[PDB]
Amino acid sequence: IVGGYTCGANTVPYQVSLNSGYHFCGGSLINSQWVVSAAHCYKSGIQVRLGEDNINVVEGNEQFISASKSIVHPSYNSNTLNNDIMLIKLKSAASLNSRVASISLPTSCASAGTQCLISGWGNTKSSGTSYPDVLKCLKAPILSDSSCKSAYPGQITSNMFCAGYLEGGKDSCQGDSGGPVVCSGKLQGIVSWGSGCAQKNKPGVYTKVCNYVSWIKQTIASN
Ligand SMILES: FC(F)(F)c1cccc(CN2CCc3[nH]cnc3C2)c1
Ligand SMILES: [Ca+2]
């Protein structure tokens with residue numbers, strides 16, 4: 001997250017870190033056994049780390065649970081990033097408490113202008129590289145479809161939305177991939193892509209979660 005703020009420990013209780021020897025992606029806990037992330041975060045050997053603040057220090061609220069199955073969306077295209085969504089099932093159910101909690105799926109899509117919270121352990125620099133230990137947060141509005149399409153000619157599908165600031169300075173970034181965009185207490189987006197980070201006229205692009213609720217629910221119901 002570039003241009004954000006320190007969230008505060010366990011203030012984003014649905015935020016997960018995906019770990020394969022190191023943090024490599026975020027995700028969102030959606031029930032005691034399932035995490036939503038980006039399809040571009042797929043790899044084998046995932047350990048889901050819940051209750052994290054400092055990802056380099058065991059602070060006492062963590063739960064570390066290995067993935068038993070990952071399911072990349074059937075229509076994910078890794079070239080275009082269309083349908084950039086994945087489900088990860090935990091080997092055992094997370095213990096839910098104030099600091100480890102699931103985030104509700106949307107019942108309806110969110111409109112341009114809606115204020116959201118984006119979070120992660122990604123790069124905090126727009127030029128250069130610095131990776132934080134503690135969770136970073138950014139408040140950002142959803143941008144209009146027309147301005148998203150203007151920013152990224154030929155690249156925005158109906159399964160994507162832009163959020164952030166056309167002036168630059170505030171954005172998600174590398175390492176935030178797969179993490180949450182939460183608006184009015186619902187998971188509306190997944191950190192998907194951009195062109196660099198925090199550049200003028202290049203806002204972050206997010207997977208449009210509301211389009212996938214049926215798929216998520218029926219996948220969970222049979223897996
Ligand atoms: F794993 C990487 F690094 F190869 C990768 C591939 C595709 C996408 C991404 C995530 N985006 C990075 C740029 C950006 N700018 C605003 N948001 C993002 C997220 C990472
Ligand atoms: Ca920790």
# chains A, B, ... in the order shown; residues from 1 in each chain; ligands from 1

$ residues_around --residues "stretch 150-160 of chain A" --least-positions-apart "5" --cutoff "8 Å" --atoms "only C-alpha atoms" --output "list in words"
residues 80, 82, 83, 201, 202, 203, 205, 206, 207, 208, 209 and 211 of chain A

$ select_by_dssp --residues "chain A" --states "strand (DSSP E)" --output "MDAnalysis selection string"
chainID A and resid 5:6 15:19 23:31 34:37 47:50 63:72 86:90 115:120 136:141 160:163 180:183 186:193 204:208

$ closest_residue --among "A:61, A:104, A:77, A:11" --to "residue A:184" --atoms "only C-alpha atoms"
A:104

$ residues_near_ligand --ligand "ligand 1" --cutoff "7 Å" --atoms "only C-alpha atoms and all ligand atoms" --output "ChimeraX atom specification"
/A:40,171-177,191-198,203-205

$ closest_atom_pairs --of "chain A" --to "ligand 2" --cutoff "7 Å" --atoms "only C-alpha atoms and all ligand atoms" --output "Markdown table"
| residue | atom | partner | partner_atom_place_in_ligand_line | distance |
| --- | --- | --- | --- | --- |
| A:52 | CA | ligand 2 | 1 (Ca) | 4.7 |
| A:53 | CA | ligand 2 | 1 (Ca) | 5.4 |
| A:54 | CA | ligand 2 | 1 (Ca) | 4.4 |
| A:55 | CA | ligand 2 | 1 (Ca) | 4.2 |
| A:56 | CA | ligand 2 | 1 (Ca) | 5.7 |
| A:57 | CA | ligand 2 | 1 (Ca) | 4.4 |
| A:58 | CA | ligand 2 | 1 (Ca) | 4.1 |
| A:59 | CA | ligand 2 | 1 (Ca) | 5.1 |
| A:62 | CA | ligand 2 | 1 (Ca) | 6.2 |

$ write_last_selection --atoms "C-alpha atoms" --output "PDB file, in the first residue's frame"
ATOM      1  CA  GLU A  52      -1.514 -11.167  11.739  1.00  0.00           C
ATOM      2  CA  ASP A  53      -0.194  -7.696  12.296  1.00  0.00           C
ATOM      3  CA  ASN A  54       3.606  -7.850  12.188  1.00  0.00           C
ATOM      4  CA  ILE A  55       4.215 -10.712   9.741  1.00  0.00           C
ATOM      5  CA  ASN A  56       7.795 -11.163  11.017  1.00  0.00           C
ATOM      6  CA  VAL A  57       6.979 -11.494  14.748  1.00  0.00           C
ATOM      7  CA  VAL A  58       4.734 -13.943  16.595  1.00  0.00           C
ATOM      8  CA  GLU A  59       2.607 -11.496  18.591  1.00  0.00           C
ATOM      9  CA  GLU A  62      -2.058 -15.654  14.933  1.00  0.00           C
TER      10      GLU A  62
END

$ select_by_dssp --residues "stretch 105-180 of chain A" --states "helix (DSSP H, G or I)" --output "PyMOL selection string"
chain A and resi 145-151

$ residues_around --residues "residue A:117" --least-positions-apart "6" --cutoff "8 Å" --atoms "only C-alpha atoms" --output "ChimeraX atom specification"
/A:137-140,180-183

$ atom_distance --atom1 "atom CA of residue A:30" --atom2 "atom CA of residue A:42"
17.7 Å

$ residues_around --residues "residue A:88" --least-positions-apart "3" --cutoff "9 Å" --atoms "only C-alpha atoms" --output "PyMOL selection string"
chain A and resi 33-37+46+48+67-72

$ closest_residue --among "A:76, A:14, A:121, A:165" --to "residue A:98" --atoms "only C-alpha atoms"
A:14

$ closest_residue --among "A:187, A:148, A:65, A:86" --to "residue A:215" --atoms "only C-alpha atoms"
A:86

$ closest_residue --among "A:96, A:188, A:23, A:131" --to "residue A:118" --atoms "only C-alpha atoms"
A:188

$ residues_around --residues "residue A:7" --least-positions-apart "5" --cutoff "8 Å" --atoms "only C-alpha atoms" --output "number ranges by chain"
A: 12, 135-137

$ residues_around --residues "stretch 216-219 of chain A" --least-positions-apart "4" --cutoff "8 Å" --atoms "only C-alpha atoms" --output "JSON, numbers by chain"
{"A": [87, 212, 223]}

$ decode --residues "stretch 103-118 of chain A" --atoms "N, CA and C atoms" --output "JSON list (two decimals), in the first residue's frame"
[["chain", "number", "residue", "atom", "x", "y", "z"],
["A", 103, "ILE", "N", -15.49, -11.79, 6.63],
["A", 103, "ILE", "CA", -16.10, -10.63, 5.99],
["A", 103, "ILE", "C", -17.26, -11.11, 5.11],
["A", 104, "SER", "N", -18.39, -10.41, 5.20],
["A", 104, "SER", "CA", -19.58, -10.74, 4.43],
["A", 104, "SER", "C", -19.37, -10.52, 2.94],
["A", 105, "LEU", "N", -19.94, -11.43, 2.14],
["A", 105, "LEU", "CA", -20.00, -11.25, 0.70],
["A", 105, "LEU", "C", -21.07, -10.23, 0.38],
["A", 106, "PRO", "N", -20.93, -9.53, -0.75],
["A", 106, "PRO", "CA", -21.94, -8.55, -1.12],
["A", 106, "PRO", "C", -23.24, -9.22, -1.57],
["A", 107, "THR", "N", -24.36, -8.55, -1.32],
["A", 107, "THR", "CA", -25.64, -8.99, -1.88],
["A", 107, "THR", "C", -25.96, -8.15, -3.11],
["A", 108, "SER", "N", -25.30, -7.00, -3.20],
["A", 108, "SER", "CA", -25.40, -6.15, -4.37],
["A", 108, "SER", "C", -24.05, -5.50, -4.62],
["A", 109, "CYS", "N", -23.82, -5.13, -5.87],
["A", 109, "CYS", "CA", -22.58, -4.47, -6.28],
["A", 109, "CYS", "C", -22.52, -3.05, -5.73],
["A", 110, "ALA", "N", -21.31, -2.51, -5.62],
["A", 110, "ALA", "CA", -21.09, -1.16, -5.12],
["A", 110, "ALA", "C", -20.87, -0.17, -6.26],
["A", 111, "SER", "N", -21.33, 1.06, -6.06],
["A", 111, "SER", "CA", -21.31, 2.09, -7.08],
["A", 111, "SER", "C", -20.06, 2.95, -7.00],
["A", 112, "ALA", "N", -19.70, 3.56, -8.13],
["A", 112, "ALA", "CA", -18.70, 4.61, -8.13],
["A", 112, "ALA", "C", -19.01, 5.64, -7.05],
["A", 113, "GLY", "N", -17.97, 6.08, -6.37],
["A", 113, "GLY", "CA", -18.10, 7.02, -5.28],
["A", 113, "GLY", "C", -18.16, 6.37, -3.91],
["A", 114, "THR", "N", -18.46, 5.07, -3.86],
["A", 114, "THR", "CA", -18.48, 4.35, -2.59],
["A", 114, "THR", "C", -17.09, 4.33, -1.98],
["A", 115, "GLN", "N", -17.03, 4.64, -0.69],
["A", 115, "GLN", "CA", -15.78, 4.60, 0.06],
["A", 115, "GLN", "C", -15.46, 3.19, 0.52],
["A", 116, "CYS", "N", -14.21, 2.78, 0.32],
["A", 116, "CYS", "CA", -13.77, 1.44, 0.66],
["A", 116, "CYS", "C", -12.47, 1.46, 1.45],
["A", 117, "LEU", "N", -12.15, 0.32, 2.06],
["A", 117, "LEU", "CA", -10.91, 0.11, 2.78],
["A", 117, "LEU", "C", -10.13, -0.99, 2.10],
["A", 118, "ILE", "N", -8.91, -0.65, 1.70],
["A", 118, "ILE", "CA", -7.98, -1.56, 1.03],
["A", 118, "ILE", "C", -6.81, -1.79, 1.98]]
